[PDB]
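In what follows, a structure is listed as structure tokens, so that the remarks can point back to it.
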Amino acid sequence: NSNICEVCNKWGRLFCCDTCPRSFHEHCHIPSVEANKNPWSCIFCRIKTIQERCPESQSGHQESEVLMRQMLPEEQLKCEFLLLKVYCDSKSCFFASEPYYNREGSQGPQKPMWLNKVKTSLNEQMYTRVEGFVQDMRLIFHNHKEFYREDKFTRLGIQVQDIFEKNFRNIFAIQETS
Ligand SMILES: [Zn+2]
Ligand SMILES: [Zn+2]
Ligand SMILES: [Zn+2]
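PDB author numbering puts the last residue of the sequence shown at 878; the count rises by one with no breaks.
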């Protein structure tokens, strides 16, 4: 197995996947690494198994159909993985914890949002459809762009939104377009 966490790239107390060489800190994995379960298979493996069991799941999909899907076990796992892929980027630090807003010339967002809040929401099964999760995710980046206006720091939101959207298209097999 790898000797660094797949998500944050640090060593530490790592749990090793039994079916692939990746390793994780307890709370870097999503869901948080399970207490028992021998063998244990990580989310990368669990997602690959879904694909292998239903190869047609990789045919193209319309976003609008994906969003209205109910959060059954497989869609729950897919959103957990997508969330994880965002945390995998070091720029996710800016969006992880609860933000605050005190900048001359700007007003904070009406509905603040952050990665850890989405993580908790998933963990507590608060989303009934994929739409709920995707909306909160895009809201993080939208809030950021609006608040930071012409400061160059707005670019961090563009950058992390691009990682989210690329991973969304891949995980949910959204039909490729020009
Ligand atoms: Zn980690
Ligand atoms: Zn694995
Ligand atoms: Zn099938």
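A virtual CB, placed ideally from N, CA and C, is assigned to each residue, including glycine.
Ranges of the alpha helix (DSSP H) found wholly within the region 849-875, counting only runs of at least 4:
854-871
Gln751 - DSSP class collapsed to helix/strand/coil
One-based indexing of the sequence shown puts residue 751 at position 51. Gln751: helix per DSSP, three-state reduction.
Along the beta strand (DSSP E) that carries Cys779, what are the first and last residues, could you check?
On the sequence shown, position 79 is the one that residue 779 refers to. Element bounds for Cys779: not the beta strand (DSSP E) but the alpha helix (DSSP H), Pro773 to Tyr787.
Closer than 7 Å between the C-beta and any heavy atom of ligand 2: which residues qualify, listed along the chain?
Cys717, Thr719, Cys720, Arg722, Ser741, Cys742, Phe744 and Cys745
Cβ pair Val830, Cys779 closer than 8 Å
Locating residue 830 in the sequence shown gives position 130, counting from the first residue. Locating residue 779 in the sequence shown gives position 79, counting from the first residue. Taking 8 Å as the Cβ cut-off, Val830 and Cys779 qualify as a contacting pair.
Unbroken alpha helix (DSSP H) run spanning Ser764, endpoints
Residue 764 sits at position 64 when you count from the first residue of the sequence shown. Run containing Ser764: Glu763 to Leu767, per the alpha helix (DSSP H) assignment.
When you compare only the Cα positions, how much space is there between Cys728 and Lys817?
For the purposes of this step, residue 728 is identified with residue 28 of the sequence shown, where counting begins at 1. For the purposes of this step, residue 817 is identified with residue 117 of the sequence shown, where counting begins at 1. Rounded to whole angstroms, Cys728 to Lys817 spans 15 Å at the Cα level.
Endpoints, alpha helix (DSSP H) assigned at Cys742
Reading the sequence shown from its first residue, position 42 is the one you call residue 742. Run containing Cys742: none; DSSP gives neither H nor E here.
What did DSSP end up calling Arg713 once you bin it into helix, strand or coil?
The sequence position of residue 713 within the sequence shown is 13, counting from 1. It is coil, neither helix nor strand.
Quick check on the burial criterion: 16 or more other C-beta atoms within 10 angstroms. Buried or exposed for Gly857?
Translated into the one-based positions of the sequence shown, residue 857 becomes position 157. When all chains shown are included, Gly857 counts as buried.
Please classify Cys793: does DSSP put it in a helix, a strand, or coil?
Residue numbering aside, residue 793 sits at position 93 when the sequence shown is read from its first letter. Correct three-state label for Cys793: helix.
For the alpha helix (DSSP H) that contains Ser821, what are its first and last residues?
Taking the sequence shown and counting its residues from 1, the one referred to as residue 821 is at position 121. Note, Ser821: alpha helix (DSSP H), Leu815 to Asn823.
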